[PDB]
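See below for the structure under consideration.
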Amino acid sequence: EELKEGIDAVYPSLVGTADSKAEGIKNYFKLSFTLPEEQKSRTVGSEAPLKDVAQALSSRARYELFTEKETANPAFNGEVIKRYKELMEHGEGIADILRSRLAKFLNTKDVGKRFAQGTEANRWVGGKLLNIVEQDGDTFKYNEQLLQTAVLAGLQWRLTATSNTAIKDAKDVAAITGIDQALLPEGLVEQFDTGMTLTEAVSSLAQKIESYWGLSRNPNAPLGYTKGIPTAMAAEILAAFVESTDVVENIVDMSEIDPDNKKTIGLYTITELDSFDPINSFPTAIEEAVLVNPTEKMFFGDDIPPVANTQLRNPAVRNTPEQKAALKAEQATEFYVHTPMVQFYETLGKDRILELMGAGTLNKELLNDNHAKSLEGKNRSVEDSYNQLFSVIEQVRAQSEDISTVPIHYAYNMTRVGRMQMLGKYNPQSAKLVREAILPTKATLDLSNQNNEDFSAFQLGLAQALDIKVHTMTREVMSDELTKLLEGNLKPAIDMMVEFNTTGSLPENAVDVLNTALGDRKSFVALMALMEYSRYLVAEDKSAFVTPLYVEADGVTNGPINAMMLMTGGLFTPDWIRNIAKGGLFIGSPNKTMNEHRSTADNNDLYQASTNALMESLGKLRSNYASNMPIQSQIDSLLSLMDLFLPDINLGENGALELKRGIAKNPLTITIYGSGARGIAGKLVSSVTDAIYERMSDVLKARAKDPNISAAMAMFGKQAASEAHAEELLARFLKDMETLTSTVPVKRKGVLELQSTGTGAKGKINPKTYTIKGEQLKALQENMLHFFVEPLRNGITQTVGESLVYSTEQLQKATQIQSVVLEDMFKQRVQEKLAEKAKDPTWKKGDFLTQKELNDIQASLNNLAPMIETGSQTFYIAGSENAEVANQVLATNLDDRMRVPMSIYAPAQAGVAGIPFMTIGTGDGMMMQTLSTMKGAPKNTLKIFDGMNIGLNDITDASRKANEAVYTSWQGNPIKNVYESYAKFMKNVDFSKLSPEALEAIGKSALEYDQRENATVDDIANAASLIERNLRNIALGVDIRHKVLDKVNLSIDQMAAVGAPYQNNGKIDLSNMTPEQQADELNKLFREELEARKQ
DNA sequence: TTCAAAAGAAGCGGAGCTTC
């Protein structure tokens, strides 16, 4: 109550009166914010924050005094102090630009003079900054404390924002641009991942500014001002940065790409500092000075990151105690620099790292235009990765003499799907380059005898890094394969690394020696293996060799196998038993390992299996159209085009069709996760086109090396055996492209029909500019869709089983129906509140609701059970942050541009999201969380969602714990969890309360195609309750299967490599039984257990 | 309709329709 005179004492001269019922100009800053109970920011109360902080940053002594700490970060030395001095001089220029822009704004259209007359311009979308100005003679001026504090925030953001941005994928870019995901032009995604959208830039900037202001939002102030003022400030700071060239604004015209797309979309990119700029060694000095509890910082020694209370971007959802425990365990792990890898990276040098692991130096005219763009994006990813690692090493180097002795902690958070994600773009969990330089793994091994376990472990890690598939063969067979590699092809690289580990020197042909020796095995962890093997060779005491080399306990087809175990709800089938065996669940085979399975029982994993099913399904398709020669020819051309450019499609001379497990890897995965067939066809086409674009660079590179080469030899020389032999491949290519782009298959009445597009590919090929775009991509996609993907989809269903497919449909419908009601009720209750506000004279259209009001509405939906609980996890599928609820601008810059949509935390339609949320969450999500908190939880690992890096000392026990954690997560019942929540929803939902658009969306999920048209509320309600029943039955089934599976002897090795499977000790023995006998026995127990329930 | 985060710009006027 007396908070009023409290924030007034601090800002006594802001224009206007802090009373919403006052008649003149009202000051919405003092209305929106309060002094906090405990200090959040050290600039609160300061009359000149830029001056005060500049002085604080001017010496180590003055910094320590300002932050009230006895010692400052040692990275804050002389060179870095000088760079921050210069950056403080620059913040003064930003402050100066901001002041001139306010002056321009007050003058134009006499806004200042009208504001002075009583016009409420501080409530316009452009005028919310007038809430932090002060009267100055005949005009107004910024309150200096707020302006400068905001500039300090602007500077910190400028320093570290790019390194904290989300990665954008194809789907993201498709949503942003409004362009179909399957039709995105090459490198467009790259351009958008390189920039920030307006929303992206402004929201992160607004966050920082509001945090530096160090105040609390008033629960009863309108969001229009609580989000609005800091956003308006952010917008002006972005605008200033564009003037100063700290940020480059590029307005990307979508009509240059797709001619009827009228969206123009702004992209903002922060001008990078030099890699060797001292400030990179310590880029958080301002943050750590301004904030009492800084966010951005590195964690050295026993400085442990705090544990997040809520899910990542889901403040409505508290991390459960079990989850918090898991975050605590992972944050506690110490990581250490492996000096030799760092020294290797440095000695190779950024340029050679790029030549080796990226695209090297691009000759933009030996390159096809589209190929050149993926090449850029490849370099980008490696180079930022390199620079980021080296910035971190620069700060670690200051902490101590020996960088390998400095312990490093990483912050983590639980995501929406229950995964423990390391914060930051470039860390060990997320960046392969960094993963081999900063490691939690470490062991002291006795490698003096090649016959002991320590050496075997060592071999296992070398071989897995060297791309030998170690889960498919026993340790012994692995050992021999590794030896053949080390003694053969890898030897000259090994010799080179031996020398490197002696003199510190690399030859000038280092890239060629590495590249040649490694071939397709090339990777960052391979470089580690060559390093560790050569370090071993020259080691003085082999009996105590110290190494961070790891073995990853890696999930075998983890997602699909989890789904099959978690949500198959029928009787047991022998196909299921055989298939689930491919993912490490073995029945009646005590101690059986994945290595033994693959070597003696079944060499086909789930990917191979579906590929084989696709071959059958392709056969069936070719038969139903056996006489249709145009259709036969069209399938032949697709298969030919794939054969020409993809390694996984083999066409032999017999016409024989061999398909490798690889083509099915992504399509199997994303299919279980709700992906439609069209999106799959697109990705397939995208890999075909990518290889073609590449081959076009191969042409230019052979046309320059011998301008007499024939076209066919330039394009297919490296792929053919002769001159005329290459000629027929060129003939296949041109023919395939011709027929696949001029003719598409369409489904009519259940039958495929060929149709002309009239936009077939015609013309002499120009290898530099050559581009499949538009109506031709779509054509390829249509062919890919009906002749390959649809058979593949059938293959997948036959593989993972139709029961699973059925569960996931029901899960999808239920969570979708639920999210539709939530989203629609939320929007309506919002409109009801806004209709009240219109009677309030203090309220203006644009102010929107208060947080308290929004919280009330969010709470009024609890009886619809928006959350899903498991006991250890909480999922909020509908949860989102969107612009559709407020549907209005939040603020603009002082030039009437940079219009930021008012985004509100609110439920939105799930789509198919319920599927991967529950699968990933109760699958690998639950498993890793279990692995982190279980009794005897493995220490010193790096967990990467479905795989775990383990030090060579602990590979046996950690692996067994991992398979035990798998078993624990297989006791889960996600469909039950959805059931519990959906049934509560079903007894509180009023379907008549819904808008017609929401009522129609529900019809789509709950009804067959026919009943949609004109169905009553009671129709779609009766349908929505049918789904509940379906869920109830599935969940009852999963529950019993699980109990029954536990009564039987199981050996689980889903987290494979090491050969250490978990045994459940089921007492019922099913050894010496075929899958058919086993299925009969499990089903007997099933029907037994069913009658347990009834009676 | 795969998940892990959203997301057009800008004149005139003072919101929100409008044209690109």
Side-chain angles (χ1 to χ4, degrees), chain A residues 108-109 111 114-115 119-128 165-178 180-181 192 195-204 249 251-255 260-268 311-314 413-421 430 559 666-680 682-683 808 812 816 844-846 875 877 879-884 887-889 892-893 895-901 903-906 908-921 923-925 945 1001 1004-1005:
Chain A
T108 307
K109 297 181 185 172
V111 171
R114 294 151 65 192
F115 178 50
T119 298
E120 297 209 62
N122 62 314
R123 304 177 84 185
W124 298 347
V125 280
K128 301 188 176 189
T165 41
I167 300 174
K168 295 187 186 71
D169 54 18
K171 186 217 167 201
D172 291 326
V173 169
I176 294 171
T177 62
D180 175 80
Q181 194 193 311
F192 275 76
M196 305 170 90
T197 63
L198 177 71
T199 282
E200 192 167 359
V202 165
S203 64
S204 53
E249 170 182 53
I251 310 275
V252 189
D253 196 320
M254 293 297 94
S255 91
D260 45 19
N261 193 332
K262 297 171 166 191
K263 265 186 176 209
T264 60
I265 309 156
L267 243 47
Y268 297 88
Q311 250 187 28
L312 202 49
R313 293 129 209 159
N314 245 345
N413 206 335
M414 291 298 191
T415 68
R416 288 155 149 72
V417 292
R419 278 174 165 175
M420 280 184 296
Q421 186 171 105
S430 79
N666 187 100
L668 167 54
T669 300
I670 76 175
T671 297
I672 68 180
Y673 288 169
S675 169
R678 207 164 307 263
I680 295 173
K683 291 188 69 159
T808 68
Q812 191 281 327
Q816 165 63 3
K844 174 160 154 290
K845 210 179 208 289
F875 300 104
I877 299 174
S880 92
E881 157 108 332
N882 76 101
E884 278 61 55
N887 197 37
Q888 70 185 56
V889 182
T892 76
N893 70 28
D895 273 305
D896 192 46
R897 310 186 179 195
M898 292 185 180
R899 309 181 191 182
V900 186
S903 207
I904 289 301
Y905 276 116
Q909 290 187 35
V912 293
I915 300 174
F917 269 58
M918 295 311 295
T919 304
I920 294 159
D924 63 80
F945 316 130
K1004 290 195 189 80
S1005 296

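Lettering of chains follows the sequences in order, A, B, ..., and the numbering in each one begins at 1. When reading the values below, keep in mind they use all heavy atoms of this one structure, side chains included, and skip hydrogens, waters and symmetry mates.
- Judged by ring centres closer than 5.5 Å and planes tilted by less than 30°, the bases of B:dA4 and B:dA5 are not stacked on each other.
- A:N893 has its CG atom 11 Å from the P atom of B:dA9, to the nearest Å.
- The separation of B:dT18 from B:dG13, taken at their P atoms, amounts to 15 Å, rounded to a whole angstrom.
- With sequence neighbours excluded, no residue forms a side-chain hydrogen bond (donor to acceptor under 3.5 Å, both in side chains) with A:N887.
- Under the side-chain hydrogen bond (donor to acceptor under 3.5 Å, both in side chains) criterion, A:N261 pairs with no residue at all, not counting sequence neighbours.
- The side-chain hydrogen bond (donor to acceptor under 3.5 Å, both in side chains) search around A:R678 returns A:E782, not counting sequence neighbours.
- Nearest-nucleotide mapping onto DNA chain B: of A:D895 and A:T197, the residue sitting toward the 5' end is A:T197.
- Rounded to the nearest Å, the gap between the P atom of B:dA6 and that of B:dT2 is 14 Å.
- Rounded to whole Å, the distance from CZ on A:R419 to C1' on B:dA5 is 15 Å.
- Within the 4.0 angstrom heavy-atom criterion, base atoms lie near A:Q812.
- Considering only side-chain N and O atoms, A:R897 lies nowhere under 4.0 angstrom from the phosphate OP1 or OP2 of B:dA9.
- Nucleotides B:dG14 and B:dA10, compared at atom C1', are 15 Å apart to the nearest Å.
- With sequence neighbours left out, A:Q812 forms a side-chain hydrogen bond (donor to acceptor under 3.5 Å, both in side chains) with no residue at all.
- Comparing B:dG11 with B:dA7, their P atoms are spaced 23 Å from each other, to the whole Å.
- The backbone N or O of A:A170 sits nowhere less than 3.5 Å from a side-chain atom of A:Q181 that would complete a donor-acceptor pair.
- One atom, CD1 of A:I680, and another, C1' of B:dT1, lie 12 Å apart when rounded to the nearest Å.
- The separation of B:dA9 from B:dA5, taken at their P atoms, amounts to 22 Å, rounded to a whole angstrom.
- Contacts of A:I265 with the nucleic acid, taken as non-hydrogen atoms under 4.0 Å apart, involve only primed sugar atoms and P, OP1 or OP2.
- Counting to the nearest Å, the P atom of B:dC3 and the CG atom of A:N314 are 15 Å from each other.
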>> At under 4.0 Å between heavy atoms, how does the protein contact nucleotides 14-20 of chain B? Give one character per nucleotide, 5' to 3', with B, S or -.
In response: BSB---B
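- The number of heavy-atom neighbours closer than 6.0 Å to CD1 of A:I251, taken from other residues, nucleotides and ligands shown, is above 12.
- Picking from B:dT2, B:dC3, B:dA9 the nucleotide with the shortest atom distance to the side chain of A:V417 gives B:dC3.
- Across all strands shown, A:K168 has heavy atoms under 4.0 Å from base atoms, whether or not it also approaches the sugar-phosphate.
- No donor-acceptor contact under 3.5 Å links the side chain of A:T199 to the base of B:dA7.
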Contacts under 3.5 angstrom, residues 667-674 of chain A side chains, donor-acceptor by atom type, not counting sequence neighbours:
residue, atom, partner, partner atom, Å
A:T669, OG1, A:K665, O, 2.9
A:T671, OG1, A:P667, O, 2.4
A:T671, OG1, A:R793, NH1, 3.3

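- Residue contacts for A:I176: at a heavy-atom cut-off of 4.0 Å it reaches a base atom on one of the strands shown.
- When each of A:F917 and A:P901 is assigned the nucleotide of DNA chain B bearing its nearest heavy atom, the one mapping closer to the 5' terminus is A:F917.
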